[PDB]
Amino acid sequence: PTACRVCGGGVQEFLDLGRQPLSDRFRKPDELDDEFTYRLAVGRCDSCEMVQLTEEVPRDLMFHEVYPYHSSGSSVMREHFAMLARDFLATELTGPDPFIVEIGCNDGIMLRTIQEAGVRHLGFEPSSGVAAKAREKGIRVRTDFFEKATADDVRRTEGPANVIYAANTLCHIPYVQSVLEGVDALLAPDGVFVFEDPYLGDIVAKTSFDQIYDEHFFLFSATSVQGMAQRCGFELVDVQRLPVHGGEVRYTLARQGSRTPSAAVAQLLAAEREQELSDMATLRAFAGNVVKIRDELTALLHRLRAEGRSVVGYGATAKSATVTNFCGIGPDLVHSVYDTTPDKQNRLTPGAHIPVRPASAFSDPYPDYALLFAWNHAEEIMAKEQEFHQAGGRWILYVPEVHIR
C-alpha cells in the first residue's frame, strides 16, 4: 500500500511485471552478471486517479554521466521539437526579454532552435554526457535535476521564465510535487508549464505495456493531470494529442484562473470519463491483455525457432527491457538487437543480455525476422530498411497485438 506521490492517497496495484533491471544500463559483454533490480508494478491512486509505479528507483541510478539515450537519433523527433520551439517563439516568447527553461534537454534537440533564435534559455540536464552534447551546440545547460531548490536558484539569478517545458521527462520524476513547487517559484505569472508524456489512453488502447519501466513513473491522463495541477495552484488549460512515442498528450498548465481552458480540455476529460479510462476494471483488463500478449509473443518466438527461422531485434529501446525480462526473451530467441546509438553498441541489453550491434550491421544476408522494439519509430525505420523487406524479411510487432508483416 504505497502512498500516492501527488496527493498522498492510497495506490491500488493492477499490474505486476515482476523483477526488472535498470532499462538504460547497457553492460560490456565481460562485465559481472550482477545488476540492480527492483519490482516493477503499477497502480492507481484512489483519491486523484494518478496511475503510477509502486517502487521508485533512485534518480541517480538512472540519470548520470553515462546515461545513453540520445534524443537527436530520430529525424521525426528532431522535426517534432524544432516545430514546437518555433511555435513557442511565435506565441509565448514574444517579449522584450523572454526566457525559456527546458527540463530534461538531453542533447539539445529542442533548445538548439531557441538558441539559434537568440532567445535566453536554460536546459536542466542532470546526465552530463548528453548535457555536453547540448553545450557543444551553444545551448546553456545546467547539469542538475530540476526541483524546488534548483528552480529557486535559477529564479534568483535569471528571473522568471515565460515557458517551462518538459518532454518525456515529467513522467520520469516521482518527486513531482517538488518540480511543481519549483515551477511555482520560477514561472512568470502569465507563463506556461508545458509537458508531454506517454498517454494512459494510448497505453490502454494499444496494450503498450513496454511503456512501463523504471524511468516512467507516471502514466499521465487528462483526468489525473487536471487533479494534479489543481492541487498545486495551477490549472490545465490546454491538451493536444501527439503521435510520437506511441501516443502522447501535451499538457499546458497556467496559474489558476489566468487563462480560460480550451474546449479541448473538457472534451478529452469527457472522453476519458466515457471510456472509463482510469477505472480499476479497465486498468485490470489492460493487465490481463498484457499477459495475453506475453503468451502470444513467446509462443511465436519459440515456434520461429523450432522452424529454424532466425530472429533479431531492432532498436535497443529502454522499453524493450520490460519486454525481454517480463517475457523471458533472450539471445536464444532473439540473437542480436540493432541500434544507432554508439553508447549502446557492442554491449548487452539489461537483464536479458542480448548483444547490441550497430544498425549498419543489419544488412544482407538479413535475418528472417526482426522484432520491432522501436515500434514507435516504425515509419522512420522501415523507410531506411526497405531492402530488408524487399528481400522477404519481416517485422514482428507486439503493439497493439502480436502480428508479422
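Heads up: residue numbers just count along the shown sequence, starting at 1.
Look at the C-alpha B-factors of 82 to 90 and of 202 to 210. On average they run higher in 82 to 90. For the segment pair 376 to 384 and 33 to 41, the entry gives 33 to 41 the higher mean B-factor, averaged over Cα atoms.
Ranking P174, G191, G246, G227 by the C-alpha B-factor listed in the PDB entry places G227 at the top. Annotation for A132, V290, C105, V311: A132 ranks highest, by Cα B-factor. Among the modelled residues of the chain, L15 sits in the middle third by CA temperature factor in this PDB entry. Ranked by Cα temperature factor within the chain, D60 sits in the lowest third according to the deposited record. The PDB entry assigns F286 a C-alpha temperature factor belonging to the middle third of its chain's modelled residues.
The entry lists a Cα temperature factor for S128 that places it in the highest third of the chain's modelled residues. Per the PDB record, residue ranking by Cα B-factor puts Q52 in the lowest third of the chain.
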